[PDB]
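Presented below is the structure to which this report refers.
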Amino acid sequence: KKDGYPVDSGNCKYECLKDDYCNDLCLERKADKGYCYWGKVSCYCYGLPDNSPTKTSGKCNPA
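Going left to right, the sequence shown walks through residues 1 to 63 as the entry's author numbering numbers them.
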């Protein structure tokens, strides 16, 4: 497992506004804990699956 920005199949890291939205959405992502790294970024989990597809080196391209 590992921390990072959980991205859906499109490679889009879920965003957030508070820290509880990240911790929750994070638990669903299989992460133990997670907050919302604002700084113009998105949520942040801690415990995502190894293969857990997270922001790699591209942009959230729909389709």
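Just so it is clear, CB atoms sit at the ideal spot from N, CA and C, and this is done for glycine as well.
- With contacts defined by Cβ atoms closer than 9 Å, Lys13 and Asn23 do not form a contacting pair.
- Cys36 is bridged by DSSP to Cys43.
- For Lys30, the closest C-alpha among the options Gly58, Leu48, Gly4, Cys60 is that of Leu48.
- In the assembly as shown, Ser9 is an exposed residue. Its beta-carbon has fewer than 16 other beta-carbons within 10 Å.
- DSSP places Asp20 in the uninterrupted alpha helix (DSSP H) bounded by 20-28.
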